[PDB]
Structures are given as C-alpha cells and as structure tokens.
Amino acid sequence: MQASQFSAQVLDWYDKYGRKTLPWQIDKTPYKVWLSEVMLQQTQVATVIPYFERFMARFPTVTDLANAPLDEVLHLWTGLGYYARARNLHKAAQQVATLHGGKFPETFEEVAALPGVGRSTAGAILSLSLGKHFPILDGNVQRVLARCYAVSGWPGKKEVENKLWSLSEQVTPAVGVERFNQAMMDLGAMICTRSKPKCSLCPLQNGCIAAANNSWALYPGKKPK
C-alpha cells in the first residue's frame, strides 16, 4: 500500500485505540523518554511502571542521576535484569552533565553518542519528546513492516536491515510523528504479535501482503541454520 495511506490509517487507529496515558507520555521530556526506552528494551510495560516511578521520585533530573553513587543506581535497578543497561544509563547521565550542561542534547549525533543509545533509541527520544522527524526500528516495529511489505530475509544481514530502515523512513510522517511512532510500537506489542497475529483488529489489514496470503510466519526471516 501507498505510504501516505499507511500513515493516515495508523494515525486514525491511534486516535481511537492507542495508549496515551503511560507515565512517560505525560508532561514528556527528553530525560523521561530516554529513561523509559532503556527500561523497556528488555522488560514488559507492567513490570517497568513501578520502577519508572521510583527512579523519577529519587532522581528528578539527569544531574541528580549523574551525581549519585553507581551502587545506589544498581540497587534501585534490582529485578529489571540485563544490568549492562544500568551501567550504561549512569555513564550516559554523566556525559549529559559533563558535555551538555545538564540539559539533554537535541541533535541526532549527540544523542546517539551516548552509551547504551543506538540509532533507533536516538530517533525515539528526539521524535517522541520534541517532535523531530526521525523513524524507529525495534523488534515490534520491524515485524509490522516486514509483514505488511513482505520482507523476507534475516534482519541480521545488513542489506535486509537497510531495506527495513528505508521502509520505516518512507511510511513515517513529519506531521504527527510522536503519535505515529508510539502507534507502531502499540501495534507490534498488542496486535501484530509473534504468534497468531490479531489481523482483524489491525488498521493495515486491507493492504498487508502477509494477511492476504496467510503468510505472517515468513516475515521477518529467521536466522539460517
């Protein structure tokens, strides 16, 4: 389907059915969006919310986080697993305090230079908190695009990764970028699931190639054996 129809149908779906009341979606800032993205990378939303609230109460600003002892950050992280994320979280807070005056940087290159922040997380921070015109590509988003446009191939091959980034740029609009990027995460998390997707609930069902052929299991490709 035409990219302008993809974006319009996802935005109309988000308006009526999307998630808008998570704590990191209200009175949004770059700091709140970065902290939530790091916690969500390897942990489900229901488990993250109490940790997000405890971190914002103890560390109201990125300078408070930077000046705290690392052992206190690791103690508050206990139960989230994947603690390389917490070691990098503290180093990134120290980089913002030291290079950027305690104010989150607003250019793609300076955000992506932070430890623990790659290409997709950088675009998420700048689009969701300030409305800058960048697309995202985490596992949820990649599954929706690979099924709708029939992208086989393992995304761990560079040519396949590059095709998925170009597709994401093509369907992501500038007007409503914050709504669109959250809506793509909601679709992959709750509707276009790994097993047995809920196509009847999906706003792309009228143009999706996997839905038309009942072939969702082929997309994205798996690692070769």
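Position 1 is the first residue in the sequence shown; the rest follow in order.
Stretch comparison (5-13 versus 20-28) by mean CA B-factor in the PDB entry places 20-28 on top.
For the pair 151-159 and 115-123, the mean B factor over Cα atoms is greater in 151-159. Highest CA B-factor among the listed residues (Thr47, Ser36, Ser195, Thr63): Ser195. In the deposited entry, the Cα temperature factor of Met184 sits in the bottom third of values across the chain's modelled residues. In this PDB entry, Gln170 carries a Cα temperature factor that places it within the middle third of its chain's modelled residues. When the CA B factors of the chain's modelled residues are split into thirds, the value for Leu204 lands in the lowest one. Sort the modelled residues of the chain by CA B factor and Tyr82 lands in the middle third. The PDB entry assigns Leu74 a C-alpha temperature factor belonging to the middle third of its chain's modelled residues.
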